[PDB]
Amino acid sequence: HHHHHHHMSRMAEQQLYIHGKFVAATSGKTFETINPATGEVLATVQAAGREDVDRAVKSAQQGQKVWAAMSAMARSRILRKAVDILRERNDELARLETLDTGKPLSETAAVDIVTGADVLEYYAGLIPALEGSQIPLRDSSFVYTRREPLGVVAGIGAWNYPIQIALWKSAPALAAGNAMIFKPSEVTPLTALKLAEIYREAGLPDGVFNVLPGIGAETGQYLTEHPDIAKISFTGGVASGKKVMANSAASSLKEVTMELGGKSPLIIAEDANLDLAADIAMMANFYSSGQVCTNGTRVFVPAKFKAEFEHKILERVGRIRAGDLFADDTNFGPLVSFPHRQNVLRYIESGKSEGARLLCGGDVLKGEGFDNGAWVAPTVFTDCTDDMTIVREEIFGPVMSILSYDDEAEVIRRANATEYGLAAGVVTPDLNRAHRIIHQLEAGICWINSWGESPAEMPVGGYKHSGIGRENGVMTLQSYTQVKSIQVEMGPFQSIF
């Protein structure tokens, strides 16, 4: 059964969002966002120029002062109103996210906005608990501290969880009393513009959340260079993260936090149930079509279990349902873009070339309704070794690498023998093995007998080359403030002169 008559016309040209309204860019620059399931253009999108960025900062400086002068509970109520709107519009926002990203609606309608709103809801309730300290020195003197807003901060987003990233960056920044200028990925700009409208409808003062689509090397760099931005929070690849660090270091002194992906290990212990292990390995590799920074893409399996484990993976890969992204039963989508597919395919070819055994997948999906999409089959390599390119490098597609191991000390060494350090996990029913292995792994995000859950309360970020700083949890609210120490000297000051 063929499915045609599905032309979707273009959206309106997308503008910038500055100071509570859409405004035309003055860059002379536009770019297109493409539906990765069909190749059709979703919208032409305007890119913010240097003067547009400067106006956005001045808008943010003005809005931040209004926002910071409110009470803590007034701020809490406005962010909760935005949460309420996000819950009401979940399905509509999820459909837009599916169009822009290629992720199944079964994901976007249950995870992306749900968990993005979860984090905003969490920080909204913590605003009144944000406190300084008081330190007695002696009867005649004491110190108190204030946690003051930084001012105007910049968030730079990635294309795999667009609205979730926008919410996870903006929520602590705004709750700490800052304004944020958010630069979405040029691959997926659309839901960030919706979020800005929602924030306005909730009562957020004009300028406190401005959204600037544009190209990383242009708009993004204009932001990192601006002298009045106090902090940058970046999600994306290592290459662009290094440009952001370098450009920010060359400009006004600012703090930079970063989440840069990884090559996270999944350690299947010698006492693990292999159905559970296989279920975890599937969720650690093929959710959002393998486009998750925390994926467990090095799956370490005991040699004695490798043959059986491979069969359990093949059985579950055979259940994956690629298809209509709006269909209830679809759980696998195209990649986010055709250029990204080309890169993933180059990684797959290196796996073949370097002698890994192809267990399944390894090609594009074919036939009517896949031929127009950026699809890559769910792919598993086995007989992998630690020197292979597919094992060493983040692929960001549906490519699992199975590595066999002999003993626990060995697998810990190998799990840690990476420049990366984002996530890790272990499958074992044993109390001592679970905690003792996890305590030795050099990663910031660790799952035991699970994968992927990221509660609002739980700080997440990378060790080593996978990141600086954390997101979520109480600590991240604090990191969007700066400490002022104040000493009150009530005794007579003694000069030596």
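Heads up, when I say rigid core I mean the largest set of C-alphas that superpose within 1.5 Å between the two forms. Throughout, we count residues from 1 along the sequence that is shown.
Asks: Quick one: core-superposed, which stretch strays further from the shown model in 8 other deposited structures of this protein, 137-145 or 87-95? Go by RMS C-alpha distance.
Replies: When 87-95 and 137-145 are compared in 8 other deposited structures of this protein, 137-145 lies farther out.
Asks: Which of the two stretches, 238-246 versus 333-341, has its Cα atoms farther on average from this form in 8 other deposited structures of this protein when everything is superposed by the rigid core?
Replies: If we average over structures and residues in 8 other deposited structures of this protein, the farther stretch is 238-246.
Asks: Per the PDB record, is the mean Cα temperature factor higher over 363-371 or over 412-420?
Replies: The recorded data point to 363-371.
Asks: Identify the stretch, either 244-252 or 126-134, whose C-alpha atoms have the larger mean B-factor according to the entry.
Replies: The stretch with the larger average C-alpha B-factor is 244-252.
Asks: Looking at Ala60, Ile438, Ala68, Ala48, which has the highest CA B-factor as recorded?
Replies: That would be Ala68.
Asks: Going by the CA temperature factor in the entry, name the top one among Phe338, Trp168, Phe234, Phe286.
Replies: Of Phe338, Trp168, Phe234, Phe286, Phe338 has the highest C-alpha B-factor.
Asks: Please place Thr26 in the lowest, middle or highest third of its chain by C-alpha B factor as given in the entry.
Replies: For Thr26, the deposited C-alpha B-factor lands in the highest third.
Asks: Considering only modelled residues of the same chain, in which third does the CA B-factor of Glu349 rank: lowest, middle or highest?
Replies: For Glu349, whose C-alpha B-factor we compare with every modelled residue in the chain, the answer is the highest third.
Asks: Pull the Cα B-factor of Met475 out of the PDB entry and bin it into the chain's lowest, middle or highest third.
Replies: Tercile = highest for this residue's CA B-factor.
Asks: Against its chain's modelled residues, does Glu310's Cα B factor rank lowest, middle or highest third?
Replies: Answer is middle: the recorded C-alpha B-factor places it there.
Asks: Comparing against every modelled residue in the chain, figure out the third that the C-alpha B-factor of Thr481 lands in (lowest, middle or highest).
Replies: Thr481: CA B-factor falls in the lowest third of its chain.
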